[PDB]
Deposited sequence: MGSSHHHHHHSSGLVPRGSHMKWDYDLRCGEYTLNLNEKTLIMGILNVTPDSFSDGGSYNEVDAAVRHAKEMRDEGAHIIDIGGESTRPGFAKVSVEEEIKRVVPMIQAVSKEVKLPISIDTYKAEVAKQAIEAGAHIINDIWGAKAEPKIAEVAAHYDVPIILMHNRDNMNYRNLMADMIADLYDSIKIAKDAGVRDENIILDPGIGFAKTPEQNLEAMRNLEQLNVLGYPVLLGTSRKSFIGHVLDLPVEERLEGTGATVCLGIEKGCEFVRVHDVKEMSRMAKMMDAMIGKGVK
C-alpha cells in the first residue's frame, strides 16, 4: 500500500508492516535548573529505555515559554536520548528555531501542533534537513461549517505551506489534532470520520492518549483513561492510521499488534 518507507537518517520506518507506536517521553524538569541537570536528563533517558523495551518505534520529546528557554530544556534531552536509545526521535515543537536546534542535537522528525501555520519557517527547517514533518490540524476557534470538510481544508493549507518550502511528499505526515480546537462531541465526530483523512494521500498519526474527551465520555480522571485510549487507538487503526502517539506503550503496542493481525496489516 505505501510504495515508500519513512526515511529518518540512520533509521527506516516501514509503513506497511505494522502500526508504529510513538511513545510520549515525559519531561519532568528540575525546579532549580533551566539546564540539562542530572535528575531530569536521567529521568527522561530511563523513560525512553522503558518505552523502547515496551515496543515504541519513535520517541516523542517536547519542551508559555521563550525560544532560548525551550531549547535549553530540550536539547540535552535529545542528545542524551539519541545517544542512549536506538530509535528515531520526533521533536514536539511549533517553533522553527527549536526545530533546528533539536535536529542538530539529534532529532529525526518534526512534530508540529500548528501544522506550520504558527511559524511557517519550520517547513523551511524540515525542507533543508530533509526530515519528516507531522502537520497537525489546529485553529484558533471552534466554528465549523462541516467539521471533517474543514479539517481537510485546514490540513490542506498546511500541506501547501510545507510543499511551498520544498518539503517532499514523502516527508509529510498528517494528524487530525484530537483535543485541539474541538469540543468533546467534535472530537468524537473526527474519530468517527477519521478514514476521510486518507483521501489526502499521506500517512496519518493519531494522538488521543489520555485526553479529556475520553474523560468526558467515561467520567474518569486522566490516570484512569487507559481502556478508553485503547478504544481510540483501535478504531484509529481500523480506519487506516499508520502511527499512534501514546503514553502507555506496553498496553497500546499489544492492542496495535492484535489490531494489525486482524485487519491484515
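K.L.:
Could you please spell out the deposited residue ranges that have no C-alpha entry in the coordinates?
P.N.:
Absent from the structure are positions 1 to 21, 85 to 92, 295 to 297.
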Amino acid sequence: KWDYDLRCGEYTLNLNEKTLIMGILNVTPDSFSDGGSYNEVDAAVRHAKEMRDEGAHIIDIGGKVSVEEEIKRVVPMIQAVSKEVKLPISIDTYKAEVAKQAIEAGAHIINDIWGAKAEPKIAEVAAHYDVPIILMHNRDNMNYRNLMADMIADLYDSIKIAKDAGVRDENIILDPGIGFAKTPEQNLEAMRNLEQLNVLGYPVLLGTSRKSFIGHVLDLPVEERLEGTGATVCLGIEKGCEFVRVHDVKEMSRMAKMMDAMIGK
From here on, numbers count along this sequence of modelled residues.
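K.L.:
Is it true that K64 goes unbuilt in a third or more of the other compared entries of this protein?
P.N.:
It is, since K64 is left out of at least a third of the other entries that model both flanking stretches.
K.L.:
Do the CA atoms of 9 to 17 or those of 250 to 258 have the higher mean B-factor in the entry?
P.N.:
If you average the C-alpha B-factors of 9 to 17 and of 250 to 258, the larger mean comes out for 9 to 17.
K.L.:
So 186 to 194 or 161 to 169, which one's hotter by mean CA B-factor in the entry?
P.N.:
According to the entry, 161 to 169 carries the higher average C-alpha B-factor.
K.L.:
Out of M148, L155, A126, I89, which one has a C-alpha B factor higher than all the others in the entry?
P.N.:
In this record, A126 carries the highest C-alpha B-factor of the candidates.
K.L.:
Using the temperature factors of the C-alpha atoms in this entry, rank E104 within its chain: lowest, middle or highest third.
P.N.:
Its C-alpha B-factor, which the entry lists for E104, ranks in the highest third among residues of this chain.
K.L.:
Compared with the other modelled residues in the chain, in which third is the CA B-factor of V67?
P.N.:
According to the entry, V67 has a C-alpha B-factor in the chain's highest third.
K.L.:
Hey, what third does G215 fall into on Cα B-factor, ranked over its chain?
P.N.:
CA B-factor rank for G215: middle third.
K.L.:
How does the C-alpha B factor of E50 compare with the rest of the chain: lowest, middle or highest third?
P.N.:
As the PDB entry reports it, the C-alpha B-factor of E50 lands in the middle third of its chain.
K.L.:
Compared with the other modelled residues in the chain, in which third is the CA B-factor of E119?
P.N.:
Its C-alpha B-factor belongs to the highest third of this chain's values.
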